[PDB]
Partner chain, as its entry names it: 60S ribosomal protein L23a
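Next up: a single chain in C-alpha coordinates, the form solved without its partner chain.
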(Lines give C-alpha, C1' and ligand atoms only; values in the text may rest on other atoms or scores of the structure.)
Protein backbone atom coordinates (compact mmCIF):
# COMPACT_ATOMS: atom_id res chain seq x y z
CA UNK A 1 0.00 0.00 0.00
CA UNK A 2 3.06 2.26 0.83
CA UNK A 3 4.83 0.11 -1.92
CA UNK A 4 5.07 1.50 -5.51
CA UNK A 5 3.62 -1.31 -7.75
CA UNK A 6 2.69 -1.82 -11.42
CA UNK A 7 -0.86 -0.95 -10.13
CA UNK A 8 0.42 2.69 -10.79
CA UNK A 9 0.85 4.14 -14.39
CA UNK A 10 4.18 5.95 -13.59
CA UNK A 11 5.77 2.65 -12.38
CA UNK A 12 4.79 0.61 -15.53
CA UNK A 13 6.44 3.51 -17.43
CA UNK A 14 9.76 3.24 -15.61
CA UNK A 15 9.76 -0.56 -16.05
CA UNK A 16 8.96 -0.18 -19.78
CA UNK A 17 11.70 2.50 -20.29
CA UNK A 18 14.46 0.36 -18.68
CA UNK A 19 13.14 -2.67 -20.55
CA UNK A 20 13.60 -0.85 -23.88
CA UNK A 21 17.21 0.10 -22.91
CA UNK A 22 18.01 -3.47 -21.72
CA UNK A 23 16.72 -4.76 -25.09
CA UNK A 24 18.80 -2.21 -27.10
CA UNK A 25 22.11 -2.84 -25.19
CA UNK A 26 21.64 -6.64 -25.33
CA UNK A 27 21.11 -6.55 -29.12
CA UNK A 28 24.10 -4.21 -29.68
CA UNK A 29 26.34 -6.69 -27.72
CA UNK A 30 25.01 -9.74 -29.69
CA UNK A 31 25.79 -7.87 -33.03
CA UNK A 32 29.35 -7.05 -31.70
CA UNK A 33 29.92 -10.77 -30.77
CA UNK A 34 32.15 -12.53 -33.35
CA UNK A 35 35.42 -14.54 -33.51
CA UNK A 36 38.41 -12.73 -31.98
CA UNK A 37 36.36 -10.23 -29.90
CA UNK A 38 37.43 -9.57 -26.28
CA UNK A 39 34.79 -10.48 -23.60
CA UNK A 40 36.36 -7.82 -21.32
CA UNK A 41 35.60 -5.21 -24.06
CA UNK A 42 31.96 -6.43 -24.42
CA UNK A 43 31.43 -6.27 -20.60
CA UNK A 44 32.91 -2.69 -20.61
CA UNK A 45 30.93 -1.70 -23.73
CA UNK A 46 27.58 -2.89 -22.26
CA UNK A 47 28.05 -1.30 -18.80
CA UNK A 48 29.09 2.01 -20.56
CA UNK A 49 26.13 1.80 -22.93
CA UNK A 50 23.66 1.10 -20.09
CA UNK A 51 24.94 4.33 -18.30
CA UNK A 52 24.80 6.40 -21.53
CA UNK A 53 21.16 5.35 -22.41
CA UNK A 54 19.97 5.90 -18.72
CA UNK A 55 21.81 9.32 -19.01
CA UNK A 56 19.62 10.45 -22.02
CA UNK A 57 16.14 9.69 -20.39
CA UNK A 58 13.98 11.40 -17.67
CA UNK A 59 16.45 14.39 -17.75
CA UNK A 60 13.73 16.78 -16.38
CA UNK A 61 13.80 14.69 -13.09
CA UNK A 62 17.31 15.37 -11.66
CA UNK A 63 16.86 13.38 -8.39
CA UNK A 64 15.96 10.00 -10.09
CA UNK A 65 18.78 7.38 -9.67
CA UNK A 66 19.18 5.20 -12.85
CA UNK A 67 21.75 2.76 -14.25
CA UNK A 68 23.04 -0.82 -14.08
CA UNK A 69 20.77 -3.28 -12.15
CA UNK A 70 23.04 -6.21 -13.17
CA UNK A 71 26.50 -5.63 -14.71
CA UNK A 72 27.02 -7.11 -18.19
CA UNK A 73 28.09 -10.79 -17.71
CA UNK A 74 29.33 -12.99 -20.59
CA UNK A 75 29.46 -16.70 -19.72
CA UNK A 76 30.66 -19.00 -22.53
CA UNK A 77 30.01 -22.74 -23.17
CA UNK A 78 30.04 -24.64 -19.81
CA UNK A 79 30.41 -21.41 -17.73
CA UNK A 80 27.00 -20.74 -16.06
CA UNK A 81 26.82 -17.05 -15.10
CA UNK A 82 28.51 -13.96 -13.60
CA UNK A 83 31.76 -13.63 -15.73
CA UNK A 84 32.57 -9.87 -15.76
CA UNK A 85 36.38 -9.99 -15.80
CA UNK A 86 38.72 -7.40 -14.24
CA UNK A 87 41.28 -5.52 -16.44
CA UNK A 88 43.98 -7.92 -14.88
CA UNK A 89 42.11 -11.34 -14.88
CA UNK A 90 42.77 -13.51 -17.97
CA UNK A 91 40.38 -12.32 -20.78
CA UNK A 92 38.35 -14.79 -22.89
CA UNK A 93 38.30 -14.45 -26.70
CA UNK A 94 35.17 -15.59 -28.55
CA UNK A 95 35.88 -18.54 -30.92
CA UNK A 96 33.55 -19.55 -33.84
CA UNK A 97 30.82 -21.97 -32.51
CA UNK A 98 31.27 -20.74 -28.90
CA UNK A 99 27.88 -20.76 -27.11
CA UNK A 100 27.51 -17.25 -25.52
CA UNK A 101 25.18 -16.20 -22.65
CA UNK A 102 24.81 -12.40 -22.22
CA UNK A 103 23.14 -11.32 -18.94
CA UNK A 104 22.48 -7.66 -17.92
CA UNK A 105 20.06 -5.38 -16.04
CA UNK A 106 18.97 -1.72 -16.17
CA UNK A 107 16.96 0.25 -13.55
CA UNK A 108 15.00 3.51 -13.54
CA UNK A 109 14.17 4.83 -10.02
CA UNK A 110 14.96 1.28 -8.79
CA UNK A 111 12.45 -0.54 -11.11
CA UNK A 112 14.64 -3.38 -12.49
CA UNK A 113 14.64 -4.71 -16.14
CA UNK A 114 16.78 -7.94 -16.26
CA UNK A 115 17.42 -9.71 -19.59
CA UNK A 116 19.64 -12.66 -20.69
CA UNK A 117 20.01 -14.29 -24.09
CA UNK A 118 21.99 -17.24 -25.55
CA UNK A 119 23.43 -17.48 -29.10
CA UNK A 120 26.34 -19.05 -31.10
CA UNK A 121 29.32 -17.00 -32.45
CA UNK A 122 29.52 -16.62 -36.30
CA UNK A 123 27.01 -19.29 -37.32
CA UNK A 124 27.65 -19.68 -41.10
CA UNK A 125 24.83 -18.13 -43.25
CA UNK A 126 22.22 -20.79 -44.35
CA UNK A 127 23.26 -23.31 -41.64
CA UNK A 128 21.53 -24.52 -38.46
CA UNK A 129 23.12 -25.19 -35.06
CA UNK A 130 22.74 -28.96 -34.39
CA UNK A 131 23.70 -31.48 -31.69
CA UNK A 132 24.02 -30.56 -28.00
CA UNK A 133 24.13 -26.73 -28.51
CA UNK A 134 20.84 -27.00 -30.44
CA UNK A 135 19.35 -29.41 -27.80
CA UNK A 136 20.23 -27.21 -24.78
CA UNK A 137 19.29 -23.80 -26.42
CA UNK A 138 15.99 -25.26 -27.79
CA UNK A 139 15.35 -26.70 -24.32
CA UNK A 140 16.15 -23.48 -22.44
CA UNK A 141 14.01 -21.49 -24.91
CA UNK A 142 10.95 -23.74 -24.46
CA UNK A 143 11.48 -23.54 -20.66
CA UNK A 144 11.21 -19.67 -21.10
CA UNK A 145 8.11 -20.16 -23.28
CA UNK A 146 6.45 -22.48 -20.72
CA UNK A 147 7.22 -19.95 -17.86
CA UNK A 148 5.84 -17.01 -19.90
CA UNK A 149 2.57 -19.04 -20.11
CA UNK A 150 2.58 -20.46 -16.53
CA UNK A 151 3.85 -17.43 -14.43
CA UNK A 152 0.42 -15.74 -14.12
CA UNK A 153 -1.94 -14.89 -11.21
CA UNK A 154 -3.47 -17.99 -9.57
CA UNK A 155 -0.75 -20.43 -10.60
CA UNK A 156 1.95 -21.77 -8.18
CA UNK A 157 5.76 -21.50 -8.60
CA UNK A 158 5.78 -25.34 -8.17
CA UNK A 159 3.88 -25.89 -11.54
CA UNK A 160 6.68 -23.96 -13.37
CA UNK A 161 9.44 -26.00 -11.58
CA UNK A 162 7.79 -29.22 -12.88
CA UNK A 163 7.04 -27.92 -16.43
CA UNK A 164 10.74 -26.97 -16.68
CA UNK A 165 11.93 -30.50 -15.80
CA UNK A 166 9.56 -32.24 -18.31
CA UNK A 167 10.59 -29.78 -21.10
CA UNK A 168 14.37 -29.97 -20.38
CA UNK A 169 14.21 -33.82 -20.01
CA UNK A 170 12.59 -33.93 -23.55
CA UNK A 171 16.05 -32.81 -24.93
CA UNK A 172 17.89 -35.02 -22.36
CA UNK A 173 18.94 -31.68 -20.74
CA UNK A 174 18.72 -30.72 -17.09
CA UNK A 175 17.77 -27.38 -15.44
CA UNK A 176 20.72 -26.40 -13.17
CA UNK A 177 19.95 -27.55 -9.54
CA UNK A 178 18.58 -24.87 -7.17
CA UNK A 179 18.79 -21.67 -9.37
CA UNK A 180 16.15 -19.04 -8.44
CA UNK A 181 13.87 -16.67 -10.45
CA UNK A 182 13.19 -13.73 -8.05
CA UNK A 183 10.23 -11.38 -7.60
CA UNK A 184 11.38 -7.79 -8.24
CA UNK A 185 10.29 -4.71 -6.22
CA UNK A 186 11.56 -1.08 -6.17
CA UNK A 187 15.36 -1.25 -5.33
CA UNK A 188 15.13 -5.11 -4.72
CA UNK A 189 16.52 -7.52 -7.40
CA UNK A 190 16.31 -10.59 -5.09
CA UNK A 191 12.73 -10.70 -3.70
CA UNK A 192 12.05 -13.75 -1.48
CA UNK A 193 9.01 -15.03 -3.51
CA UNK A 194 10.87 -17.37 -5.94
CA UNK A 195 10.68 -20.06 -8.61
CA UNK A 196 13.30 -22.81 -8.06
CA UNK A 197 14.84 -24.91 -10.88
CA UNK A 198 15.15 -28.68 -10.48
CA UNK A 199 15.51 -28.56 -6.68
CA UNK A 200 17.14 -31.45 -4.68
CA UNK A 201 15.15 -32.93 -1.76
CA UNK A 202 16.85 -30.53 0.69
CA UNK A 203 16.15 -27.55 -1.62
CA UNK A 204 12.45 -28.70 -2.10
CA UNK A 205 11.91 -28.77 1.75
CA UNK A 206 13.76 -25.40 2.38
CA UNK A 207 12.12 -23.57 -0.63
CA UNK A 208 8.64 -21.98 -0.06
CA UNK A 209 5.60 -22.92 -2.25
CA UNK A 210 4.04 -19.59 -3.51
CA UNK A 211 1.09 -18.41 -5.69
CA UNK A 212 1.69 -15.63 -8.27
CA UNK A 213 -0.61 -12.59 -7.85
CA UNK A 214 -1.64 -9.71 -10.16
CA UNK A 215 0.71 -6.64 -9.78
CA UNK A 216 3.83 -8.77 -9.09
CA UNK A 217 6.98 -8.49 -11.30
CA UNK A 218 9.39 -11.47 -11.96
CA UNK A 219 12.83 -11.81 -13.49
CA UNK A 220 12.35 -15.35 -14.85
CA UNK A 221 15.86 -16.89 -15.25
CA UNK A 222 16.16 -20.21 -17.15
CA UNK A 223 19.59 -21.95 -16.99
CA UNK A 224 19.69 -25.42 -18.66
CA UNK A 225 22.69 -27.78 -18.93
CA UNK A 226 23.49 -30.44 -21.53
CA UNK A 227 25.11 -32.34 -18.58
CA UNK A 228 24.09 -33.33 -15.01
CA UNK A 229 23.33 -29.65 -14.13
CA UNK A 230 25.17 -29.10 -10.79
CA UNK A 231 27.32 -25.96 -11.16
CA UNK A 232 30.67 -26.05 -9.17
CA UNK A 233 33.21 -23.29 -8.30
CA UNK A 234 36.50 -23.81 -10.27
CA UNK A 235 38.59 -20.97 -8.70
CA UNK A 236 37.56 -18.27 -11.21
CA UNK A 237 37.67 -14.98 -9.21
CA UNK A 238 34.26 -13.55 -8.29
CA UNK A 239 34.02 -9.93 -9.58
CA UNK A 240 30.25 -9.35 -8.95
CA UNK A 241 28.89 -8.47 -5.51
CA UNK A 242 25.60 -7.03 -4.08
CA UNK A 243 25.40 -5.05 -0.81
CA UNK A 244 23.09 -7.03 1.63
CA UNK A 245 20.87 -4.40 3.38
CA UNK A 246 19.79 -7.01 6.04
CA UNK A 247 23.29 -7.07 7.62
CA UNK A 248 24.99 -4.41 9.85
CA UNK A 249 28.55 -4.80 11.09
CA UNK A 250 30.86 -1.86 11.94
CA UNK A 251 34.09 -2.42 9.95
CA UNK A 252 37.36 -2.50 11.98
CA UNK A 253 39.46 -0.58 9.37
CA UNK A 254 39.88 2.64 7.29
CA UNK A 255 40.00 1.23 3.63
CA UNK A 256 37.04 -1.20 4.29
CA UNK A 257 34.73 1.58 5.72
CA UNK A 258 35.81 3.66 2.65
CA UNK A 259 35.24 0.95 -0.07
CA UNK A 260 31.86 -0.16 1.54
CA UNK A 261 31.01 3.64 1.44
CA UNK A 262 31.66 3.97 -2.38
CA UNK A 263 29.55 0.71 -2.80
CA UNK A 264 26.60 2.47 -1.03
CA UNK A 265 26.92 5.84 -2.96
CA UNK A 266 27.67 4.50 -6.48
CA UNK A 267 25.43 1.34 -6.38
CA UNK A 268 23.23 1.22 -3.18
CA UNK A 269 21.53 -2.29 -3.25
CA UNK A 270 22.27 -3.28 -6.94
CA UNK A 271 24.98 -5.70 -8.03
CA UNK A 272 28.19 -4.15 -9.38
CA UNK A 273 31.44 -5.57 -10.89
CA UNK A 274 34.82 -4.91 -9.08
CA UNK A 275 35.97 -3.73 -12.57
CA UNK A 276 33.77 -0.56 -12.25
CA UNK A 277 36.36 0.66 -9.64
CA UNK A 278 38.95 3.24 -11.05
CA UNK A 279 41.79 1.73 -8.87
CA UNK A 280 41.79 -2.09 -9.20
CA UNK A 281 44.25 -3.27 -6.40
CA UNK A 282 42.41 -0.91 -3.93
CA UNK A 283 38.91 -2.44 -4.57
CA UNK A 284 40.42 -6.03 -4.48
CA UNK A 285 41.45 -5.17 -0.81
CA UNK A 286 38.33 -3.30 0.48
CA UNK A 287 36.19 -6.28 -0.63
CA UNK A 288 37.85 -9.01 1.55
CA UNK A 289 36.90 -7.48 5.00
CA UNK A 290 33.30 -6.73 3.76
CA UNK A 291 32.69 -10.14 1.99
CA UNK A 292 33.78 -12.36 4.93
CA UNK A 293 31.28 -10.62 7.35
CA UNK A 294 28.54 -10.95 4.68
CA UNK A 295 27.79 -7.21 4.07
CA UNK A 296 28.46 -8.05 0.40
CA UNK A 297 26.85 -11.16 -1.12
CA UNK A 298 29.01 -12.80 -3.83
CA UNK A 299 27.88 -13.73 -7.43
CA UNK A 300 30.28 -16.59 -8.02
CA UNK A 301 31.30 -17.94 -11.45
CA UNK A 302 30.16 -21.57 -11.61
CA UNK A 303 30.97 -24.12 -14.35
CA UNK A 304 29.35 -27.27 -15.61
CA UNK A 305 31.75 -30.16 -16.62
CA UNK A 306 34.08 -29.40 -19.61
CA UNK A 307 32.48 -30.10 -23.10
CA UNK A 308 28.89 -29.56 -21.86
CA UNK A 309 26.89 -26.41 -22.69
CA UNK A 310 24.73 -24.15 -20.49
CA UNK A 311 21.99 -22.05 -22.19
CA UNK A 312 20.14 -19.09 -20.56
CA UNK A 313 17.03 -17.07 -21.19
CA UNK A 314 16.04 -14.44 -18.64
CA UNK A 315 13.07 -12.04 -19.20
CA UNK A 316 11.35 -9.54 -16.88
CA UNK A 317 7.50 -9.96 -16.91
CA UNK A 318 4.78 -7.76 -15.22
CA UNK A 319 1.62 -9.65 -14.12
CA UNK A 320 -0.72 -7.04 -15.52
CA UNK A 321 -4.49 -7.62 -15.31
CA UNK A 322 -4.74 -8.23 -19.20
CA UNK A 323 -2.06 -10.96 -18.85
CA UNK A 324 1.70 -11.35 -18.29
CA UNK A 325 3.48 -8.48 -20.09
CA UNK A 326 7.10 -9.30 -21.09
CA UNK A 327 9.32 -6.09 -21.17
CA UNK A 328 12.74 -7.65 -22.01
CA UNK A 329 13.75 -10.54 -24.34
CA UNK A 330 16.65 -11.51 -26.69
CA UNK A 331 16.53 -11.82 -30.48
CA UNK A 332 15.78 -15.55 -30.53
CA UNK A 333 15.27 -17.19 -33.99
CA UNK A 334 13.66 -20.63 -33.54
CA UNK A 335 14.54 -21.91 -37.12
CA UNK A 336 18.32 -21.56 -36.49
CA UNK A 337 18.25 -24.57 -34.09
CA UNK A 338 17.63 -28.18 -35.27
CA UNK A 339 17.30 -30.88 -32.59
CA UNK A 340 16.64 -34.57 -33.31
CA UNK A 341 14.26 -34.49 -30.22
CA UNK A 342 11.01 -32.67 -29.41
CA UNK A 343 8.47 -32.43 -26.56
CA UNK A 344 6.31 -35.63 -26.72
CA UNK A 345 4.08 -34.82 -23.64
CA UNK A 346 0.57 -33.85 -24.93
CA UNK A 347 -0.12 -31.26 -22.12
CA UNK A 348 3.23 -29.45 -22.66
CA UNK A 349 2.97 -29.55 -26.48
CA UNK A 350 -0.46 -27.88 -26.17
CA UNK A 351 0.79 -25.35 -23.51
CA UNK A 352 3.75 -24.30 -25.77
CA UNK A 353 1.27 -23.72 -28.65
CA UNK A 354 -1.22 -21.69 -26.41
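Residue numbers count along the first chain shown, from 1.
K.L.:
Using only the Cα atoms and their B-factors as the entry lists them, report which of 260 to 268 and 234 to 242 averages higher.
P.N.:
Per the deposited B-factors, the answer is 260 to 268.
K.L.:
Decide which of the stretches 82 to 90 and 191 to 199 has the higher mean C-alpha B-factor, going by the entry.
P.N.:
Result: 82 to 90.
K.L.:
Tell me which of 327, 296, 311, 319 tops the list for C-alpha B factor in the record.
P.N.:
In this record, 296 carries the highest C-alpha B-factor of the candidates.
K.L.:
For the listed residues 135, 109, 221, 206, which one has the largest C-alpha B-factor as given in the deposited model?
P.N.:
Result of the comparison over 135, 109, 221, 206: 206.
K.L.:
If you rank every modelled residue in this chain by C-alpha B factor, which third holds residue 145: lowest, middle or highest?
P.N.:
It falls in the bottom third of the chain.
K.L.:
Please say which third, lowest, middle or highest, residue 57 falls into when its CA temperature factor is compared across its chain.
P.N.:
For residue 57, the deposited C-alpha B-factor lands in the highest third.
K.L.:
Compared with the other modelled residues in the chain, in which third is the CA B-factor of residue 153?
P.N.:
It belongs to the lowest third of the chain when residues are ordered by C-alpha B-factor.
K.L.:
Split the chain's modelled residues into thirds by Cα B-factor; is residue 26 in the lowest, middle or highest one?
P.N.:
Its C-alpha B-factor belongs to the lowest third of this chain's values.
K.L.:
Test of reading the entry: by CA B factor among the chain's modelled residues, which third contains residue 72?
P.N.:
Within its chain, residue 72 is a middle-third residue by C-alpha B-factor, going by the deposited values.
This next part talks about the form solved in complex with its partner chain, which is not shown.
K.L.:
May I ask you to check whether residue 87 falls inside a 4.5 Å heavy atom distance of its partner chain in the deposited complex?
P.N.:
The answer is no: residue 87 has no heavy atom within 4.5 Å of its partner chain.
K.L.:
Taking heavy atoms only, is residue 284 within 4.5 angstroms of its partner chain in the deposited complex?
P.N.:
Output for residue 284 is yes: heavy atoms within 4.5 Å of its partner chain.
K.L.:
In the deposited complex, is there a heavy atom of its partner chain that lies within 4.5 Å of any heavy atom of residue 253, even though the partner is absent here?
P.N.:
Heavy-atom contact with its partner chain at 4.5 Å: present for residue 253.
K.L.:
Taking heavy atoms and a 4.5 Å cut-off, does residue 237 contact its partner chain in the deposited complex?
P.N.:
Yes, residue 237 sits close enough to its partner chain in the deposited complex that at least one of its heavy atoms falls within 4.5 Å.
K.L.:
Hey, of 110 to 118, 127 to 135, 253 to 261, 91 to 99, which bit sits against its partner chain in the deposited complex at 4.5 Å between non-hydrogen atoms?
P.N.:
Contact-bearing stretch, as computed: 253 to 261.
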